[PDB]
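Given next are the chains, with one letter for each unit.
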Amino acid sequence: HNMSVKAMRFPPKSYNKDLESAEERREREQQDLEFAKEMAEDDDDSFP
Amino acid sequence: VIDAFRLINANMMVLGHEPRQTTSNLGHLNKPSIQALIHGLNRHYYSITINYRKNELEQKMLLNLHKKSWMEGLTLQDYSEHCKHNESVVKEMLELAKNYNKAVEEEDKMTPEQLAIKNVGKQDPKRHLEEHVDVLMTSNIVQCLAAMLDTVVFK
Amino acid sequence: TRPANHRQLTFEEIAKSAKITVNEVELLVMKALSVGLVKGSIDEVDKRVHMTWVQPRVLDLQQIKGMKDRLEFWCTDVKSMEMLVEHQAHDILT
Amino acid sequence: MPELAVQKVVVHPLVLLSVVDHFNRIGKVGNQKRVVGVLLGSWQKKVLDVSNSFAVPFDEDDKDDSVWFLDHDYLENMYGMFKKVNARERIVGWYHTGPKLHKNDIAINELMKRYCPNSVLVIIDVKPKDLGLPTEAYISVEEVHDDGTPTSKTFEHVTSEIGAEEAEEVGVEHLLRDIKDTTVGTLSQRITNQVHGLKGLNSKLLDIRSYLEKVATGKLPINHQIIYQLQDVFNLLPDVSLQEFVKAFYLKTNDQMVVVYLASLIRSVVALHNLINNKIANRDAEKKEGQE
Amino acid sequence: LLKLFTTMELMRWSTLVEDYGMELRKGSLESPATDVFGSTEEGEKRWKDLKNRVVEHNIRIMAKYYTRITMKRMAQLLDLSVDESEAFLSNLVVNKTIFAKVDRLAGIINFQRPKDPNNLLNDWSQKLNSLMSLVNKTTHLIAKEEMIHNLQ
Amino acid sequence: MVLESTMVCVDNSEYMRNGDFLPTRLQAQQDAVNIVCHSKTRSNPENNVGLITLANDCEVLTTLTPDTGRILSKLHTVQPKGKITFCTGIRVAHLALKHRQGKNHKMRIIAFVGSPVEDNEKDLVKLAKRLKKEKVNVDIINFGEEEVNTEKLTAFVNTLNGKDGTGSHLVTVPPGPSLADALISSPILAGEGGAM
């Protein structure tokens, strides 16, 4: 049970070789939605 | 959650010191209170920042939560209370086992989207054989050492 | 007097110091097991008594000095055993 | 007490912090001194849940024992000040900053008792050092003795510990993210309990050994009672039923392994099936790694 | 007569008959209570029953003071015949009063149930428990005393 | 005057049941206190008055407070009993004078004594050196205890006077019926210049 996890380690490693910080344009699109949301709530407040 | 606030002279803001209520604070951004913080942070008050002072004497005080010189290791549960525990678990092992075979035949003949959304009766999979073995074991191992240790300690 | 595992007395061993034959001694132990001076059991067939607990009674400065070293002796057992599971167990586990 | 109206005294963390803050309020050159406050709390069974406390101006001669001063008027003002803020806050006792008991204590216990019968002391420490809790609880009872000496106001020990609320919980939680104690999982947590327990037995016994050695030589008049109890101790040690006990203990262990065996085995099979899952996911990831 | 039945000490049926049979014959209740012990209509079943209760009192005490015991010795601690004293033990065994186990060919009664592990170790555990607590009260006692002799 | 901390030491003793003064010396003691407190809340507009006992283990019945009305209301329920002590009482008086609002008040003890003192003079004139350090003034009112006592208290009040005659003075009250000696011998006009 220590042995076969210690060899199971390698399959996860090939996947980590695949990006695990990818889809940065999704996150940048969300960030461009939080500037529209921030001001959506200053306009639902209706307060400057 | 704990903030701090200080009102700001709204009059002086109207008079042109509106960009002059900026004292030099650091920052970290808030939102859900933008309700009254859009004229709060930016008209009526602002955000102070909070810290703490973790003394070492207070830390060595709170750190206390167990007086064990009569707890475990000088005790151990009842050995007829402890067999009635094993009985129950190691029977539940059987019940779960069967369903486990029936899951290993299924997963083989299906694609991971249908085993993904499989959230009806979580009693079937690994999750419960692990959930068990780590309570069972624990128990028992130590269940285990407690008896031995006392045999020498109070020899 | 008997300090150890050896805590059994034989009927014909009590009777000789109690000055009475072995047909009184039975009752005699039963009054003790009643008032409480003794807790335990008579094993009549093999002529044994089981002296499990005997009320305390005052000691002097010479008996205490022996208890000190009897207790000391137990202390170092504890010390060494703690030192057994600080090595190994505490080391890794925490 | 003989009364089942006291037993578990449970002090919440903010009290501990409160007496440890009080000990530095006075702390100028008046430090190195017993400081005393009153314990506010609630209770309704075998408990005395302590919650709030506030220093009471207190002085005490450093060589005499009948020269102690305690502004009880201050109490009859503040007690109401805090009642006016929280109902259900009677005076359930009073705390005394250790390091241990003083002859004078009993005197105090009767100038605090003029409020609430059952008042208890709660010796709290101003120095972390003990490995058990820094919270010992005493009650002022009285008894008769087989030696025929006049009745006395002694002090009797009752078990103690600290508890918490959600509030308390969370504040403490917040204050110990520096000294993390959660990285440690279950199994090891309880091994810790069983080594740390010997760390207690060891020093308790050690203290009795220093006492016995203290009366035997370097004389300190014998108190027959201590030695009495100390005999029950050596009769209770597990010994006289040696052979049989052996043959049984071995058997119960045997069972224990049987079930450990099963546990570790299932664990193994499950982990291995996990591995098969990794290998197959790797093959099908290798068909994708090709393509275009 | 009640001070005999409360304490835990066996009673001779002969010493009971002697120094009390004259108290159960003068001033008795043979009509104000319907033959407490007089006559022979029901007043005989009464003696027989009283004898039972006396003797089974004795057995009930055997169960706290004996593991083994010889059959012969038992008969003299019951003042019954050596043969009638197995016939009188069944009245209690099967039933619900002390299921002591006898061996006839042996001559031995055993008032100790078979010892299994759960017993033996749950006694070891009781003792380590009380041992622990007792060390606690000891250290607190020594503490208290420290204050009287060093005069704090 | 200046704002001061006053400590009324009243005595409990079997001697406080003598008809040799105003009806019973108990009652009379009460009246005397009632005047010496009131008379030091009009010298200054603010002035803290205490009230301890001098018997058994010397005790506090009220700490420093400006209300003469508490000083008179606890004082009703005393009882003549016990054997007084001067040592214990004085020493608890300091501990009561330290704790006060404001540290500009002066330390003054107004002490009434009334039964033979059983402490030797050697210890009393050690306490008077510790009071000389602590700058404690102490007036001793011999309401009795002058013919049944050779005044060790003379060497007590002269241990506090290196040169000042107000630093500490032992006031006597003639032991006759003397209605008019417990009112003029008061410490606010016996051993000082002020009389307000």
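This text goes with the structure placed above it.
Residues numbered from 1 in each chain as written, not as in the entry; some residues may be left out. Chains lettered and ligands numbered in written order. Part of a larger assembly, values for the part shown. Heavy atoms only, no water.

Of the regular secondary structure elements, chain E holds 6 helices and 3 strands. Over its C-alpha atoms chain E spans a radius of gyration of 24 Å, topping by over 25% the 15 Å that the globule rule assigns to 152 residues. If one aligns the C-alpha atoms of chain E with their principal axes, the spans along those axes are about 75 × 45 × 25 Å. Contacts in chain E between residues at least 24 apart in sequence constitute 48% of all its contacts with a sequence separation of at least 6. Carbon together with sulfur atoms contributes 54% to the accessible area of chain E, which is approximately 9,100 Å² in total. Here chain E carries 22 positive and 20 negative side-chain charges, and the mean point of each set is 5 Å from the other. (Helix = DSSP H or I, 4+ residues; strand = E, 2+ residues; numbered from the N terminus. Rg over C-alpha atoms; globule rule 2.2 N^0.38 Å. Contact = heavy atoms within 4.5 Å. Areas by Shrake-Rupley, 256 points an atom, 1.4 Å probe, with all protein chains shown as cover. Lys, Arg positive; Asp, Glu negative; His and termini not counted. Charge placed at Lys NZ, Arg CZ, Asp CG, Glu CD.)

This part covers the overall build of chain A. Tallying secondary structure elements over chain A gives 3 helices and 0 strands in all. Starting at the N terminus and ending at the C terminus, chain A contains elements arranged as α-α-α. On the principal axes, the C-alpha backbone points of chain A span a range of 65 × 20 × 10 Å. The buried share of chain A, taken over its 48 residues, is 10%. When the accessible area of chain A is evaluated, it comes to approximately 4,200 Å², of which 55% is carbon and sulfur surface. (Buried < 20%, exposed > 50% of the residue type's maximum accessible area, 1.4 Å probe, protein only.)

Attention shifts here to the interface of chain B and chain D. Each partner contributes to the interface: chain B provides 49 residues, whereas chain D provides 56 residues. Taking both partners together, chain B and chain D bury about 4,800 Å²; carbon and sulfur atoms supply 71% of that area. Summed over the three residues of chain B that lose the most area to chain D, namely B:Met61, B:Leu62 and B:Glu72, the buried surface amounts to 14% of that side. For the interface between chain B and chain D, the tally reads 2 salt bridges. For B:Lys67, the salt bridge identified is with D:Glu136, shortest N-O distance 3.6 Å. Connecting chain B to chain D are 8 residue pairs in polar contact. Of all elements in the fold, only helix 4 (56-62), helix 5 (83-108) and helix 7 (126-153) of chain B reach the threshold of two or more residues within the side of chain B that touches chain D. No other element matches the 18 residues that helix 7 of chain B contributes to the side of chain B that touches chain D. (Buried area = accessible area lost by both parts, 1.4 Å probe. Salt bridge = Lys/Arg side-chain N within 4 Å of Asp/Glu carboxyl O. Polar contact = N/O pair within 3.5 Å; in protein donor to acceptor, adjacent residues only side chain to side chain.)

It is worth spelling out the nonpolar core at this point. Membership of the largest hydrophobic core comes to 45 residues, with the highest contact counts inside it found for B:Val153, B:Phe154, D:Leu201, D:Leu212 and D:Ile227. Residue assignment for this core shows that the elements contributing at least two residues are helix 7 of chain B, helix 3 (61-93) of chain C, helix 5 (186-216), helix 6 (224-236) and helix 7 (242-289) of chain D together with helix 6 (117-149) of chain E. When residues of this core are assigned to their parent elements, the largest contribution, 10 residues, is made by helix 5 of chain D. Discounting chain neighbours no more than four positions away, the residues touching D:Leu201 are B:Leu74, B:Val153, B:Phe154, C:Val78 and E:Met132. Core analysis: the next-biggest nonpolar cluster, separate from the first, contains 40 residues, E:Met62, E:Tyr65, E:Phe88 and E:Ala100 among them. (Core = buried A, V, L, I, M, F, W, Y, C linked by side-chain atoms within 4.5 Å.)

Further remarks concern the packing of aromatic side chains. One pass over the structure, following the stated rule, counts 11 aromatic pairs over all chains. A centroid spacing of 6.3 Å and a plane angle of 75° characterise the contact between C:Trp74 and D:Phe234, whose relative ring orientation is edge-to-face. Here C:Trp74, found in helix 3, pairs with D:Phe234, found in helix 6, and the two come from separate chains. Here C:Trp74 matches D:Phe234 in class, with each residue buried. Between D:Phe245 and D:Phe249 the ring centres are 6.2 Å apart and the planes differ by 5°, which places this aromatic pair in the stacked class. Of this pair, D:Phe245 and D:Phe249 are both found in helix 7, 4 residues apart, which corresponds to roughly one turn of the helix. According to the relative accessible area criterion, D:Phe245 is buried, its value standing at 15%. Grouping aromatic residues by their ring pairs yields a cluster made of D:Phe245, D:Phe249, D:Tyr250 and E:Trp124. It is C:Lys39 that lies over the ring of C:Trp53; its NZ or CZ is 3.8 Å from the centre. (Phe/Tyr/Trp six-rings, centres within 6.5 Å; stacked < 30°, edge-to-face > 60°. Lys NZ or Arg CZ within 6 Å of the ring centre and 35° of its normal.)

The next subject is the sheet that holds strand 5 (residues 136-143) of chain F. All names here are of chain F. The strand order 3-2-1-4-5-6 describes an open sheet built from 6 strands, whose pairing is mixed. Of all strands in the sheet, those bounded by a partner on one side alone are strand 3 (60-65) and strand 6 (170-173). Adjacent strand axes in the sheet meet at a mean angle of 15°, parallel and antiparallel pairs treated alike. Relative to strand 5, strand 4 (residues 106-113) is paired through 7 bridges, and the arrangement is parallel. The partner of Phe 112 across the bridge, within strand 5, is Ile 141. Relative to strand 4, helix 1 (residues 25-38) is tilted by about 160°, and along the sheet it contacts strand 1 (4-10), strand 2 (48-53), strand 4 and strand 5. (Pairing = 2+ DSSP bridges. Axes fitted to C-alpha atoms, helices over the stretch in contact; angles between N-to-C directions.)

Residue and element names in this part refer to chain C. Here 3 bridges tie strand 1 (residues 8-10) to strand 3 (residues 48-54), and the two strands are oriented antiparallel to one another. For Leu 9, the partnering residue across the bridge sits in strand 3 and is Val 49. Bridging between strand 2 (residues 38-43) and strand 3 involves 6 bridges; their strand directions are antiparallel. Considered in strand 3, the bridge of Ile 42 is made with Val 49. Joining the antiparallel neighbours strand 2 and strand 3 is a turn of 4 residues, in which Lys 47 adopts a positive phi near 65°.

Moving on, we get to unusual backbone geometry. Cis rather than trans, the peptide bond between D:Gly98 and D:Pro99 has omega equal to 5°. Structurally, the position occupied by D:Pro99 is in the loop between strand 6 (90-96) and helix 3 (105-113). Unlike most non-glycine residues, A:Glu23 shows phi in positive territory, near 55°. A positive phi angle, close to 55°, is found at F:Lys135, a residue other than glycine. Looking at the secondary structure, you find F:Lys135 in the loop between helix 4 (121-134) and strand 5.

A separate point is a nonpolar patch on the surface. Taken together, the side chains of F:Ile35, F:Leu179, F:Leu183 and F:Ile184 present a nonpolar region at the surface, about 370 Å² in accessible area. With respect to the helices and strands, F:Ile35 occurs in helix 1. (Patch = residues over 30% accessible without salt bridge, like charges linked within 9 Å, V, L, I, M, F, W, Y side chains within 5 Å.)

Residue and element names in this part refer to chain D. Tallied over the full model, the rule gives 34 salt bridges over all chains. Where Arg 34 meets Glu 60, a salt bridge forms, and the shortest distance between an N and an O atom there is 2.7 Å. In this pair, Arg 34 sits in the loop between helix 1 (13-25) and strand 2 (36-42) while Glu 60 sits in strand 4 (residues 58-60), placing the two residues 26 residues apart along the sequence. Residue classification places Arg 34 among the buried positions, given a relative accessible area of 14%. Residue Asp 61 pairs with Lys 63 through a salt bridge whose shortest N-O separation is 3.5 Å.

Right, let's talk about the interface of chain E and chain D for a bit. In this complex, chain E contributes 25 residues to the contact, which on the side of chain D involves 35 residues. The junction of chain E with chain D conceals about 3,000 Å² of combined surface from both sides, 74% of it contributed by carbon and sulfur atoms. Summed over the shared surface of chain E and chain D, the number is 1 salt bridge. Measuring nitrogen to oxygen at the nearest pair gives 3.2 Å for the salt bridge that ties E:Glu146 to D:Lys214. Across the side of chain E that touches chain D, the residue classes tally to 12 nonpolar, 8 polar and 5 charged. (Nonpolar A, V, L, I, M, F, W, Y, C, P; charged D, E, K, R; others polar.)

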